[PDB]
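Text of upload.txt, listed as compact mmCIF, N, CA, C and O atoms and all ligand atoms:
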# COMPACT_ATOMS: atom_id res chain seq x y z
N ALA P 1 104.36 70.15 73.28
CA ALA P 1 104.54 71.52 73.88
C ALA P 1 103.74 72.55 73.08
O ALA P 1 104.25 73.03 72.04
N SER P 2 102.52 72.85 73.53
CA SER P 2 101.54 73.71 72.82
C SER P 2 100.87 74.70 73.78
O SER P 2 100.53 75.79 73.31
N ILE P 3 100.67 74.34 75.05
CA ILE P 3 99.96 75.17 76.08
C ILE P 3 100.99 75.75 77.07
O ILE P 3 101.98 75.05 77.36
N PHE P 4 100.77 76.99 77.52
CA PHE P 4 101.58 77.68 78.54
C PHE P 4 100.78 77.72 79.84
O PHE P 4 99.64 78.23 79.83
N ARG P 5 101.37 77.19 80.91
CA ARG P 5 100.80 77.21 82.28
C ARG P 5 101.68 78.09 83.16
O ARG P 5 102.85 78.29 82.81
N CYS P 6 101.14 78.61 84.26
CA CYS P 6 101.92 79.26 85.33
C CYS P 6 102.91 78.23 85.90
O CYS P 6 102.47 77.14 86.29
N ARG P 7 104.20 78.58 85.90
CA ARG P 7 105.32 77.73 86.38
C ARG P 7 105.13 77.38 87.87
O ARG P 7 105.60 76.30 88.27
N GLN P 8 104.49 78.25 88.65
CA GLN P 8 104.37 78.07 90.13
C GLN P 8 103.22 77.12 90.48
O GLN P 8 103.41 76.32 91.40
N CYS P 9 102.07 77.20 89.80
CA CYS P 9 100.82 76.50 90.25
C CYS P 9 100.17 75.67 89.13
O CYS P 9 99.33 74.82 89.47
N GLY P 10 100.49 75.90 87.86
CA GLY P 10 99.95 75.11 86.73
C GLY P 10 98.66 75.66 86.15
O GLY P 10 98.08 74.98 85.29
N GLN P 11 98.21 76.84 86.57
CA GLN P 11 97.07 77.56 85.95
C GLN P 11 97.30 77.69 84.44
O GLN P 11 98.41 78.07 84.03
N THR P 12 96.27 77.39 83.64
CA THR P 12 96.25 77.58 82.16
C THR P 12 96.32 79.08 81.86
O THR P 12 95.48 79.81 82.41
N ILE P 13 97.29 79.53 81.05
CA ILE P 13 97.52 80.98 80.77
C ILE P 13 97.32 81.27 79.28
O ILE P 13 96.54 82.19 78.97
N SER P 14 98.01 80.56 78.38
CA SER P 14 98.02 80.89 76.94
C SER P 14 98.42 79.67 76.09
O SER P 14 98.54 78.56 76.65
N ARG P 15 98.55 79.88 74.78
CA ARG P 15 98.84 78.84 73.77
C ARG P 15 99.92 79.39 72.82
O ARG P 15 99.89 80.59 72.53
N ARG P 16 100.81 78.51 72.34
CA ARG P 16 101.82 78.85 71.30
C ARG P 16 101.10 79.43 70.07
O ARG P 16 101.64 80.38 69.48
N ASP P 17 99.92 78.90 69.73
CA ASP P 17 99.08 79.38 68.60
C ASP P 17 98.77 80.88 68.75
O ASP P 17 98.53 81.52 67.72
N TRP P 18 98.76 81.41 69.98
CA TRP P 18 98.36 82.81 70.29
C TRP P 18 99.56 83.76 70.37
O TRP P 18 99.35 84.94 70.69
N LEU P 19 100.78 83.29 70.07
CA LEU P 19 101.98 84.17 70.00
C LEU P 19 101.72 85.26 68.95
O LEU P 19 101.12 84.96 67.91
N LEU P 20 102.16 86.49 69.24
CA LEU P 20 101.95 87.71 68.42
C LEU P 20 103.30 88.35 68.10
O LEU P 20 103.96 88.86 69.00
N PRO P 21 103.74 88.37 66.82
CA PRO P 21 104.99 89.04 66.46
C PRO P 21 104.85 90.58 66.39
O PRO P 21 104.71 91.10 65.30
N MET P 22 104.90 91.25 67.55
CA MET P 22 104.91 92.73 67.69
C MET P 22 106.25 93.27 67.19
O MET P 22 107.29 92.87 67.75
N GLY P 23 106.24 94.14 66.18
CA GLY P 23 107.45 94.71 65.55
C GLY P 23 108.31 93.65 64.88
O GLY P 23 109.53 93.88 64.77
N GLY P 24 107.70 92.53 64.46
CA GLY P 24 108.37 91.46 63.70
C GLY P 24 108.82 90.28 64.56
O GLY P 24 109.22 89.26 63.97
N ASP P 25 108.76 90.40 65.89
CA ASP P 25 109.23 89.35 66.83
C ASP P 25 108.23 89.19 67.98
O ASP P 25 107.75 90.22 68.49
N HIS P 26 107.94 87.95 68.40
CA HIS P 26 107.11 87.66 69.59
C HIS P 26 107.94 87.88 70.86
O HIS P 26 107.33 88.19 71.90
N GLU P 27 109.26 87.73 70.78
CA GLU P 27 110.19 87.91 71.93
C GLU P 27 110.79 89.32 71.93
O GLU P 27 111.37 89.73 70.91
N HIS P 28 110.65 90.02 73.06
CA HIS P 28 111.26 91.35 73.34
C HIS P 28 112.01 91.29 74.67
O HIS P 28 111.37 90.98 75.70
N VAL P 29 113.32 91.53 74.65
CA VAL P 29 114.16 91.60 75.88
C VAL P 29 114.18 93.07 76.32
O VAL P 29 114.68 93.91 75.56
N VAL P 30 113.65 93.34 77.52
CA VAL P 30 113.38 94.72 78.03
C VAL P 30 113.94 94.84 79.45
O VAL P 30 114.12 93.79 80.09
N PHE P 31 114.20 96.07 79.90
CA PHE P 31 114.56 96.41 81.30
C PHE P 31 113.56 97.42 81.86
O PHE P 31 113.18 98.36 81.13
N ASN P 32 113.19 97.26 83.13
CA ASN P 32 112.29 98.20 83.85
C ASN P 32 113.16 99.24 84.55
O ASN P 32 114.39 99.14 84.54
N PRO P 33 112.56 100.31 85.14
CA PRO P 33 113.34 101.36 85.81
C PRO P 33 114.14 100.88 87.03
O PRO P 33 115.04 101.58 87.43
N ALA P 34 113.79 99.72 87.60
CA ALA P 34 114.51 99.07 88.72
C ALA P 34 115.68 98.23 88.19
O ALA P 34 116.35 97.58 89.01
N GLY P 35 115.90 98.22 86.87
CA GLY P 35 117.05 97.57 86.21
C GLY P 35 116.85 96.07 86.04
O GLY P 35 117.83 95.39 85.66
N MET P 36 115.65 95.55 86.30
CA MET P 36 115.30 94.13 86.08
C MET P 36 115.15 93.89 84.58
O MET P 36 114.42 94.67 83.93
N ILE P 37 115.80 92.85 84.07
CA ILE P 37 115.67 92.36 82.66
C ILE P 37 114.55 91.31 82.63
O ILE P 37 114.51 90.43 83.50
N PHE P 38 113.66 91.44 81.64
CA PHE P 38 112.60 90.45 81.34
C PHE P 38 112.73 90.05 79.87
O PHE P 38 112.92 90.93 79.01
N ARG P 39 112.67 88.75 79.62
CA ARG P 39 112.39 88.16 78.30
C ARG P 39 110.86 88.07 78.18
O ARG P 39 110.26 87.20 78.85
N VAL P 40 110.26 88.98 77.42
CA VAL P 40 108.79 89.13 77.29
C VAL P 40 108.37 88.46 75.98
O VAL P 40 108.99 88.76 74.94
N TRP P 41 107.39 87.56 76.07
CA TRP P 41 106.73 86.93 74.90
C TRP P 41 105.36 87.58 74.75
O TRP P 41 104.63 87.67 75.75
N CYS P 42 105.05 88.09 73.56
CA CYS P 42 103.78 88.78 73.24
C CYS P 42 102.75 87.75 72.78
O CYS P 42 103.07 86.95 71.89
N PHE P 43 101.57 87.78 73.39
CA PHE P 43 100.41 86.91 73.06
C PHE P 43 99.22 87.82 72.73
O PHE P 43 99.03 88.86 73.41
N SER P 44 98.47 87.45 71.69
CA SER P 44 97.20 88.13 71.31
C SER P 44 96.18 87.95 72.43
O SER P 44 95.43 88.90 72.71
N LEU P 45 96.16 86.77 73.04
CA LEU P 45 95.13 86.34 74.01
C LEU P 45 95.81 85.62 75.18
O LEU P 45 96.85 84.98 74.94
N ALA P 46 95.24 85.72 76.38
CA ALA P 46 95.60 84.93 77.57
C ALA P 46 94.36 84.74 78.43
O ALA P 46 93.37 85.47 78.23
N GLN P 47 94.42 83.79 79.37
CA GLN P 47 93.34 83.49 80.35
C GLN P 47 93.98 83.19 81.70
O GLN P 47 95.22 83.08 81.75
N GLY P 48 93.17 83.06 82.76
CA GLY P 48 93.60 82.63 84.11
C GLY P 48 94.44 83.69 84.82
O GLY P 48 95.05 83.34 85.85
N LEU P 49 94.49 84.92 84.30
CA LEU P 49 95.25 86.04 84.90
C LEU P 49 94.28 86.88 85.74
O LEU P 49 93.07 86.68 85.63
N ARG P 50 94.84 87.76 86.56
CA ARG P 50 94.10 88.83 87.27
C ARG P 50 94.85 90.14 86.99
O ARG P 50 96.03 90.22 87.36
N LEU P 51 94.20 91.09 86.31
CA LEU P 51 94.79 92.41 85.96
C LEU P 51 94.57 93.37 87.12
O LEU P 51 93.41 93.52 87.54
N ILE P 52 95.65 93.96 87.64
CA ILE P 52 95.66 94.78 88.90
C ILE P 52 95.86 96.25 88.54
O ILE P 52 96.74 96.54 87.70
N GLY P 53 95.07 97.13 89.15
CA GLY P 53 95.17 98.59 89.00
C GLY P 53 94.53 99.08 87.72
O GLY P 53 93.90 98.26 87.01
N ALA P 54 94.68 100.37 87.43
CA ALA P 54 94.21 101.04 86.20
C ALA P 54 95.39 101.15 85.24
O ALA P 54 96.54 101.19 85.67
N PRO P 55 95.16 101.22 83.91
CA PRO P 55 96.25 101.28 82.94
C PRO P 55 97.14 102.52 83.13
O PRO P 55 96.63 103.56 83.54
N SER P 56 98.43 102.38 82.83
CA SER P 56 99.46 103.45 82.90
C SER P 56 100.32 103.43 81.63
O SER P 56 100.66 102.33 81.17
N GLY P 57 100.66 104.61 81.10
CA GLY P 57 101.54 104.78 79.93
C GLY P 57 103.00 104.92 80.32
O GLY P 57 103.85 104.76 79.42
N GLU P 58 103.30 105.22 81.59
CA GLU P 58 104.67 105.49 82.11
C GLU P 58 105.58 104.28 81.86
O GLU P 58 105.22 103.18 82.31
N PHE P 59 106.70 104.48 81.16
CA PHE P 59 107.79 103.49 80.94
C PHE P 59 107.36 102.36 80.00
O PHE P 59 108.10 101.36 79.93
N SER P 60 106.24 102.48 79.29
CA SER P 60 105.72 101.42 78.39
C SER P 60 106.80 101.05 77.36
O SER P 60 107.33 101.95 76.71
N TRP P 61 107.10 99.76 77.23
CA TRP P 61 108.07 99.21 76.24
C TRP P 61 107.47 99.24 74.84
O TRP P 61 108.23 99.08 73.87
N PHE P 62 106.15 99.40 74.72
CA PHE P 62 105.41 99.35 73.44
C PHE P 62 104.70 100.69 73.24
O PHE P 62 103.73 100.99 73.98
N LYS P 63 105.17 101.47 72.26
CA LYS P 63 104.72 102.86 72.00
C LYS P 63 103.22 102.85 71.71
O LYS P 63 102.77 101.97 70.94
N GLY P 64 102.47 103.76 72.34
CA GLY P 64 101.02 103.93 72.14
C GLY P 64 100.20 102.99 73.00
O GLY P 64 98.97 103.09 72.93
N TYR P 65 100.83 102.14 73.81
CA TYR P 65 100.13 101.17 74.70
C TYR P 65 100.30 101.57 76.16
O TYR P 65 101.40 101.98 76.55
N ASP P 66 99.20 101.47 76.92
CA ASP P 66 99.16 101.59 78.40
C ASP P 66 99.14 100.17 78.97
O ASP P 66 98.59 99.27 78.31
N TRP P 67 99.73 99.97 80.15
CA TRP P 67 99.91 98.61 80.73
C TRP P 67 99.20 98.49 82.07
O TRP P 67 99.08 99.49 82.80
N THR P 68 98.74 97.28 82.35
CA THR P 68 98.23 96.84 83.67
C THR P 68 99.01 95.58 84.06
O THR P 68 99.27 94.76 83.15
N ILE P 69 99.40 95.47 85.33
CA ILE P 69 100.13 94.29 85.87
C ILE P 69 99.20 93.08 85.75
O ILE P 69 98.01 93.20 86.14
N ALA P 70 99.71 91.98 85.21
CA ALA P 70 99.00 90.70 85.06
C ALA P 70 99.58 89.70 86.06
O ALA P 70 100.77 89.33 85.92
N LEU P 71 98.79 89.33 87.08
CA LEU P 71 99.13 88.25 88.03
C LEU P 71 98.46 86.96 87.56
O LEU P 71 97.43 87.02 86.85
N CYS P 72 99.03 85.82 87.96
CA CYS P 72 98.34 84.51 87.93
C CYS P 72 97.09 84.65 88.81
O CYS P 72 97.26 85.04 89.98
N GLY P 73 95.91 84.39 88.26
CA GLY P 73 94.62 84.47 88.97
C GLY P 73 94.53 83.45 90.09
O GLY P 73 93.73 83.67 91.00
N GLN P 74 95.32 82.37 90.02
CA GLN P 74 95.31 81.28 91.02
C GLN P 74 96.28 81.62 92.18
O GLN P 74 95.80 81.66 93.32
N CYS P 75 97.57 81.83 91.90
CA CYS P 75 98.64 81.89 92.94
C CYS P 75 99.17 83.32 93.17
O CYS P 75 99.86 83.51 94.18
N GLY P 76 98.85 84.28 92.29
CA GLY P 76 99.24 85.69 92.45
C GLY P 76 100.64 86.00 91.95
O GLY P 76 101.06 87.16 92.09
N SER P 77 101.35 85.02 91.39
CA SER P 77 102.69 85.19 90.76
C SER P 77 102.59 86.24 89.64
O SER P 77 101.62 86.19 88.86
N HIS P 78 103.54 87.17 89.58
CA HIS P 78 103.60 88.21 88.52
C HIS P 78 104.03 87.56 87.21
O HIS P 78 105.21 87.17 87.11
N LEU P 79 103.12 87.44 86.24
CA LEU P 79 103.37 86.73 84.96
C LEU P 79 103.67 87.72 83.83
O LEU P 79 104.24 87.28 82.81
N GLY P 80 103.30 88.99 83.99
CA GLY P 80 103.64 90.05 83.02
C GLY P 80 102.66 91.20 83.05
O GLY P 80 102.37 91.70 84.15
N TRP P 81 102.21 91.65 81.88
CA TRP P 81 101.39 92.88 81.72
C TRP P 81 100.37 92.68 80.60
O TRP P 81 100.66 91.97 79.61
N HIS P 82 99.19 93.28 80.76
CA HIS P 82 98.20 93.48 79.67
C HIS P 82 98.43 94.88 79.10
O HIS P 82 98.62 95.82 79.90
N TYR P 83 98.44 95.00 77.78
CA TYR P 83 98.62 96.28 77.05
C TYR P 83 97.31 96.64 76.35
O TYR P 83 96.65 95.74 75.82
N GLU P 84 96.93 97.92 76.39
CA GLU P 84 95.69 98.44 75.77
C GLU P 84 95.89 99.89 75.33
O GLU P 84 96.96 100.45 75.61
N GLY P 85 94.89 100.45 74.65
CA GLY P 85 94.84 101.87 74.25
C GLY P 85 95.62 102.14 72.97
O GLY P 85 95.75 103.33 72.62
N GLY P 86 96.11 101.09 72.30
CA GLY P 86 96.94 101.20 71.08
C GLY P 86 96.13 100.89 69.83
O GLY P 86 94.89 100.96 69.90
N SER P 87 96.82 100.57 68.73
CA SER P 87 96.21 100.28 67.41
C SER P 87 96.90 99.08 66.76
O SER P 87 98.14 99.04 66.80
N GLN P 88 96.12 98.15 66.21
CA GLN P 88 96.59 97.04 65.34
C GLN P 88 97.71 96.27 66.04
O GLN P 88 98.86 96.33 65.62
N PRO P 89 97.42 95.53 67.14
CA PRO P 89 96.09 95.46 67.74
C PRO P 89 95.87 96.50 68.85
O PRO P 89 96.83 97.08 69.30
N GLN P 90 94.62 96.67 69.29
CA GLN P 90 94.24 97.59 70.39
C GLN P 90 94.85 97.08 71.71
O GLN P 90 95.33 97.92 72.48
N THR P 91 94.83 95.76 71.93
CA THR P 91 95.27 95.10 73.19
C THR P 91 96.11 93.85 72.87
O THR P 91 95.91 93.27 71.80
N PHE P 92 96.99 93.47 73.80
CA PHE P 92 97.78 92.21 73.80
C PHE P 92 98.39 92.00 75.18
O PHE P 92 98.31 92.91 76.05
N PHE P 93 99.01 90.84 75.39
CA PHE P 93 99.70 90.47 76.65
C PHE P 93 101.20 90.35 76.40
O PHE P 93 101.59 89.76 75.38
N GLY P 94 102.01 90.95 77.28
CA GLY P 94 103.46 90.71 77.39
C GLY P 94 103.74 89.85 78.61
O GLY P 94 103.63 90.38 79.73
N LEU P 95 104.04 88.57 78.42
CA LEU P 95 104.24 87.61 79.54
C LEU P 95 105.73 87.26 79.65
O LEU P 95 106.41 87.16 78.62
N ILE P 96 106.20 87.10 80.89
CA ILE P 96 107.63 86.78 81.19
C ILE P 96 107.83 85.28 80.94
O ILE P 96 107.25 84.47 81.69
N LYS P 97 108.61 84.94 79.90
CA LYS P 97 108.76 83.56 79.38
C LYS P 97 109.16 82.60 80.51
O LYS P 97 108.61 81.48 80.55
N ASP P 98 110.08 83.00 81.39
CA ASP P 98 110.68 82.10 82.41
C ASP P 98 109.70 81.90 83.59
O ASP P 98 110.03 81.10 84.48
N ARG P 99 108.55 82.57 83.60
CA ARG P 99 107.52 82.38 84.65
C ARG P 99 106.39 81.49 84.12
O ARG P 99 105.44 81.25 84.88
N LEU P 100 106.52 80.98 82.89
CA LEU P 100 105.55 80.04 82.26
C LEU P 100 106.22 78.68 82.06
O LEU P 100 107.46 78.65 81.92
N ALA P 101 105.43 77.61 82.05
CA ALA P 101 105.85 76.24 81.69
C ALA P 101 105.08 75.80 80.44
O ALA P 101 103.84 75.90 80.45
N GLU P 102 105.80 75.35 79.41
CA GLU P 102 105.22 74.92 78.11
C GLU P 102 105.03 73.40 78.14
O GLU P 102 105.97 72.70 78.55
N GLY P 103 103.86 72.91 77.71
CA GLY P 103 103.58 71.46 77.70
C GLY P 103 102.42 71.07 76.79
O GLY P 103 101.82 71.92 76.13
N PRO P 104 102.08 69.76 76.74
CA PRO P 104 101.05 69.26 75.84
C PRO P 104 99.64 69.74 76.23
O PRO P 104 99.40 70.03 77.39
N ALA P 105 98.74 69.80 75.24
CA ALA P 105 97.31 70.17 75.39
C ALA P 105 96.62 69.22 76.36
O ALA P 105 96.78 68.00 76.26
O1 LIG P 201 105.89 98.19 79.66
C1 LIG P 201 106.24 98.18 80.83
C2 LIG P 201 105.44 97.52 81.90
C3 LIG P 201 105.74 98.05 83.30
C4 LIG P 201 107.23 98.04 83.56
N1 LIG P 201 107.56 98.61 84.87
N2 LIG P 201 108.11 97.89 85.84
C5 LIG P 201 108.28 98.75 86.87
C6 LIG P 201 108.81 98.56 88.17
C7 LIG P 201 108.84 99.65 88.99
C8 LIG P 201 108.36 100.91 88.58
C9 LIG P 201 107.84 101.12 87.33
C10 LIG P 201 107.80 100.00 86.46
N3 LIG P 201 107.36 99.88 85.19
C11 LIG P 201 107.98 98.78 82.47
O2 LIG P 201 109.03 99.34 82.68
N4 LIG P 201 107.42 98.78 81.21
ZN ZN P 202 100.16 80.55 89.35
Using structure tokens, write down the structure from this file.
Ligand SMILES: O=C1CC[C@H](n2nc3ccccc3n2)C(=O)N1
Ligand SMILES: [Zn+2]
Amino acid sequence: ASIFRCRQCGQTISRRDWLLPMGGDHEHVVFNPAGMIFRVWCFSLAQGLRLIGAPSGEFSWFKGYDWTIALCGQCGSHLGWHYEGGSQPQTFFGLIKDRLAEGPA
């Protein structure tokens, strides 16, 4: 269990090696304004996504970061968000853990 794929279609998304401890933890449990709870895992890098729209700062769970919706580039499943416009690091991915499948390289 080293690679993360899209749970719906099996698109290659990220690696356990690429987990990023933002504020001391890679896992952040967050709620959106619609009251949906997400278990978000922070990654330095991801692939196989499609980033939709222009960045927005509204309701950002990570101070100083603007977000873009990250879909699976293959099946269009909402996998999380790309974050940018911040510092150390400038950019990262917040992916919804339960929408990924972990398995061998
Ligand atoms: O960091 C983030 C990413 C985006 C996320 N968010 N989900 C929404 C659903 C409906 C309307 C606005 C919304 N904002 C959020 O709350 N925070
Ligand atoms: Zn997919």
Each residue of chain P lying at most 7 Å from ligand ZN 202 (chain P) should get a row with its shortest atom-to-atom pair and the distance in Å to one decimal, counting only N, CA, C and O atoms and all ligand atoms; could you produce that, ordered by chain and increasing number, as JSON lines?
{"residue": "P:5", "atom": "C", "partner": "P:ZN202", "partner_atom": "ZN", "distance": 6.8}
{"residue": "P:6", "atom": "CA", "partner": "P:ZN202", "partner_atom": "ZN", "distance": 4.6}
{"residue": "P:7", "atom": "N", "partner": "P:ZN202", "partner_atom": "ZN", "distance": 5.7}
{"residue": "P:8", "atom": "C", "partner": "P:ZN202", "partner_atom": "ZN", "distance": 4.7}
{"residue": "P:9", "atom": "N", "partner": "P:ZN202", "partner_atom": "ZN", "distance": 3.9}
{"residue": "P:10", "atom": "N", "partner": "P:ZN202", "partner_atom": "ZN", "distance": 4.9}
{"residue": "P:11", "atom": "N", "partner": "P:ZN202", "partner_atom": "ZN", "distance": 5.0}
{"residue": "P:48", "atom": "O", "partner": "P:ZN202", "partner_atom": "ZN", "distance": 6.8}
{"residue": "P:71", "atom": "C", "partner": "P:ZN202", "partner_atom": "ZN", "distance": 6.9}
{"residue": "P:72", "atom": "CA", "partner": "P:ZN202", "partner_atom": "ZN", "distance": 4.6}
{"residue": "P:73", "atom": "N", "partner": "P:ZN202", "partner_atom": "ZN", "distance": 5.8}
{"residue": "P:74", "atom": "C", "partner": "P:ZN202", "partner_atom": "ZN", "distance": 4.9}
{"residue": "P:75", "atom": "N", "partner": "P:ZN202", "partner_atom": "ZN", "distance": 3.9}
{"residue": "P:76", "atom": "N", "partner": "P:ZN202", "partner_atom": "ZN", "distance": 4.9}
{"residue": "P:77", "atom": "N", "partner": "P:ZN202", "partner_atom": "ZN", "distance": 5.1}
{"residue": "P:99", "atom": "O", "partner": "P:ZN202", "partner_atom": "ZN", "distance": 7.0}
For ligand LIG 201 (chain P), I'd like the enclosing box, axis-aligned and padded by 3 Å on every side, reported as AutoDock Vina command-line options with centre and edge lengths in Å to one decimal.
--center_x 107.2 --center_y 99.3 --center_z 84.3 --size_x 9.6 --size_y 9.6 --size_z 15.3
Taking only residues of chain P that have an atom at most 6 Å from an atom of ligand LIG 201 (chain P), what is each one's shortest atom pair and its distance in Å to one decimal, using all atoms listed in the file, in chain and number order, as a Markdown table?
| residue | atom | partner | partner_atom | distance |
| --- | --- | --- | --- | --- |
| P:31 | O | P:LIG201 | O2 | 4.5 |
| P:32 | CA | P:LIG201 | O2 | 3.6 |
| P:33 | N | P:LIG201 | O2 | 4.4 |
| P:34 | N | P:LIG201 | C7 | 5.1 |
| P:58 | O | P:LIG201 | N3 | 4.9 |
| P:59 | O | P:LIG201 | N4 | 3.0 |
| P:60 | CA | P:LIG201 | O1 | 3.5 |
| P:61 | N | P:LIG201 | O1 | 3.1 |
| P:62 | N | P:LIG201 | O1 | 5.1 |
| P:67 | CA | P:LIG201 | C2 | 5.8 |
Could you take the residues named above and write them with N, CA, C and O atoms, as a PDB file, in the frame of the given file?
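Below you can see again-v5.pdb, which holds the result:
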ATOM      1  N   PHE P  31     114.200  96.070  79.900  1.00  0.00           N
ATOM      2  CA  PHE P  31     114.560  96.410  81.300  1.00  0.00           C
ATOM      3  C   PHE P  31     113.560  97.420  81.860  1.00  0.00           C
ATOM      4  O   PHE P  31     113.180  98.360  81.130  1.00  0.00           O
ATOM      5  N   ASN P  32     113.190  97.260  83.130  1.00  0.00           N
ATOM      6  CA  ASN P  32     112.290  98.200  83.850  1.00  0.00           C
ATOM      7  C   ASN P  32     113.160  99.240  84.550  1.00  0.00           C
ATOM      8  O   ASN P  32     114.390  99.140  84.540  1.00  0.00           O
ATOM      9  N   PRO P  33     112.560 100.310  85.140  1.00  0.00           N
ATOM     10  CA  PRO P  33     113.340 101.360  85.810  1.00  0.00           C
ATOM     11  C   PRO P  33     114.140 100.880  87.030  1.00  0.00           C
ATOM     12  O   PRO P  33     115.040 101.580  87.430  1.00  0.00           O
ATOM     13  N   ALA P  34     113.790  99.720  87.600  1.00  0.00           N
ATOM     14  CA  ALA P  34     114.510  99.070  88.720  1.00  0.00           C
ATOM     15  C   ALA P  34     115.680  98.230  88.190  1.00  0.00           C
ATOM     16  O   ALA P  34     116.350  97.580  89.010  1.00  0.00           O
ATOM     17  N   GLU P  58     103.300 105.220  81.590  1.00  0.00           N
ATOM     18  CA  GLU P  58     104.670 105.490  82.110  1.00  0.00           C
ATOM     19  C   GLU P  58     105.580 104.280  81.860  1.00  0.00           C
ATOM     20  O   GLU P  58     105.220 103.180  82.310  1.00  0.00           O
ATOM     21  N   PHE P  59     106.700 104.480  81.160  1.00  0.00           N
ATOM     22  CA  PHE P  59     107.790 103.490  80.940  1.00  0.00           C
ATOM     23  C   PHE P  59     107.360 102.360  80.000  1.00  0.00           C
ATOM     24  O   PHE P  59     108.100 101.360  79.930  1.00  0.00           O
ATOM     25  N   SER P  60     106.240 102.480  79.290  1.00  0.00           N
ATOM     26  CA  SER P  60     105.720 101.420  78.390  1.00  0.00           C
ATOM     27  C   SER P  60     106.800 101.050  77.360  1.00  0.00           C
ATOM     28  O   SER P  60     107.330 101.950  76.710  1.00  0.00           O
ATOM     29  N   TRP P  61     107.100  99.760  77.230  1.00  0.00           N
ATOM     30  CA  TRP P  61     108.070  99.210  76.240  1.00  0.00           C
ATOM     31  C   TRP P  61     107.470  99.240  74.840  1.00  0.00           C
ATOM     32  O   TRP P  61     108.230  99.080  73.870  1.00  0.00           O
ATOM     33  N   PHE P  62     106.150  99.400  74.720  1.00  0.00           N
ATOM     34  CA  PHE P  62     105.410  99.350  73.440  1.00  0.00           C
ATOM     35  C   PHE P  62     104.700 100.690  73.240  1.00  0.00           C
ATOM     36  O   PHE P  62     103.730 100.990  73.980  1.00  0.00           O
ATOM     37  N   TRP P  67      99.730  99.970  80.150  1.00  0.00           N
ATOM     38  CA  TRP P  67      99.910  98.610  80.730  1.00  0.00           C
ATOM     39  C   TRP P  67      99.200  98.490  82.070  1.00  0.00           C
ATOM     40  O   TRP P  67      99.080  99.490  82.800  1.00  0.00           O
TER      41      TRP P  67
END
- [ ] Find the spatial neighbours of residue 82 in chain P, counting all atoms listed in the file, within a cut-off of 8 Å - ignore same-chain residues fewer than 6 positions away - and output them as an MDAnalysis selection string.
- [x] chainID P and resid 43 50:52 55:56 65:71 90:95
How about saving the chosen residues, N, CA, C and O atoms kept, as a short mmCIF file (atom, residue, chain, number, x, y, z; two decimals), in the coordinates of the input?
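selection.cif, written as the output of this step:
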data_model
loop_
_atom_site.label_atom_id
_atom_site.label_comp_id
_atom_site.auth_asym_id
_atom_site.auth_seq_id
_atom_site.Cartn_x
_atom_site.Cartn_y
_atom_site.Cartn_z
N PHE P 43 101.57 87.78 73.39
CA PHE P 43 100.41 86.91 73.06
C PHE P 43 99.22 87.82 72.73
O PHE P 43 99.03 88.86 73.41
N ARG P 50 94.84 87.76 86.56
CA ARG P 50 94.10 88.83 87.27
C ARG P 50 94.85 90.14 86.99
O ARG P 50 96.03 90.22 87.36
N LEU P 51 94.20 91.09 86.31
CA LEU P 51 94.79 92.41 85.96
C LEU P 51 94.57 93.37 87.12
O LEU P 51 93.41 93.52 87.54
N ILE P 52 95.65 93.96 87.64
CA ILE P 52 95.66 94.78 88.90
C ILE P 52 95.86 96.25 88.54
O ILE P 52 96.74 96.54 87.70
N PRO P 55 95.16 101.22 83.91
CA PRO P 55 96.25 101.28 82.94
C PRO P 55 97.14 102.52 83.13
O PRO P 55 96.63 103.56 83.54
N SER P 56 98.43 102.38 82.83
CA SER P 56 99.46 103.45 82.90
C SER P 56 100.32 103.43 81.63
O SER P 56 100.66 102.33 81.17
N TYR P 65 100.83 102.14 73.81
CA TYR P 65 100.13 101.17 74.70
C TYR P 65 100.30 101.57 76.16
O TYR P 65 101.40 101.98 76.55
N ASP P 66 99.20 101.47 76.92
CA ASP P 66 99.16 101.59 78.40
C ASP P 66 99.14 100.17 78.97
O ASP P 66 98.59 99.27 78.31
N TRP P 67 99.73 99.97 80.15
CA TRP P 67 99.91 98.61 80.73
C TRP P 67 99.20 98.49 82.07
O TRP P 67 99.08 99.49 82.80
N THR P 68 98.74 97.28 82.35
CA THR P 68 98.23 96.84 83.67
C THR P 68 99.01 95.58 84.06
O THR P 68 99.27 94.76 83.15
N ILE P 69 99.40 95.47 85.33
CA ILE P 69 100.13 94.29 85.87
C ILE P 69 99.20 93.08 85.75
O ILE P 69 98.01 93.20 86.14
N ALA P 70 99.71 91.98 85.21
CA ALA P 70 99.00 90.70 85.06
C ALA P 70 99.58 89.70 86.06
O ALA P 70 100.77 89.33 85.92
N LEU P 71 98.79 89.33 87.08
CA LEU P 71 99.13 88.25 88.03
C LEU P 71 98.46 86.96 87.56
O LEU P 71 97.43 87.02 86.85
N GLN P 90 94.62 96.67 69.29
CA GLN P 90 94.24 97.59 70.39
C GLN P 90 94.85 97.08 71.71
O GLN P 90 95.33 97.92 72.48
N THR P 91 94.83 95.76 71.93
CA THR P 91 95.27 95.10 73.19
C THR P 91 96.11 93.85 72.87
O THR P 91 95.91 93.27 71.80
N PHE P 92 96.99 93.47 73.80
CA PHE P 92 97.78 92.21 73.80
C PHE P 92 98.39 92.00 75.18
O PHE P 92 98.31 92.91 76.05
N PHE P 93 99.01 90.84 75.39
CA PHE P 93 99.70 90.47 76.65
C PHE P 93 101.20 90.35 76.40
O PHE P 93 101.59 89.76 75.38
N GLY P 94 102.01 90.95 77.28
CA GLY P 94 103.46 90.71 77.39
C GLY P 94 103.74 89.85 78.61
O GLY P 94 103.63 90.38 79.73
N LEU P 95 104.04 88.57 78.42
CA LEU P 95 104.24 87.61 79.54
C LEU P 95 105.73 87.26 79.65
O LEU P 95 106.41 87.16 78.62
#
- [ ] For range 16-30 of chain P, work out the shell of residues within 10 Å, counting only C-alpha atoms and skipping chain neighbours fewer than 5 positions away, then give it as a VMD selection string.
- [x] chain P and resid 1 to 4 35 to 46 61 to 62 88 to 89 92 to 97 102 to 103
TODO: Take atom O of residue 98 in chain P and atom N of residue 53 in chain P and report the distance between them in Å, one decimal.
DONE: 22.4 Å
Open item on the list: Could you check the closest approach to residue 80 in chain P for each of P:64, P:105, P:49, P:15 and tell me which residue wins, using only C-alpha atoms?
Closed with: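 Using only C-alpha atoms, residue 80 in chain P sits closest to P:49.
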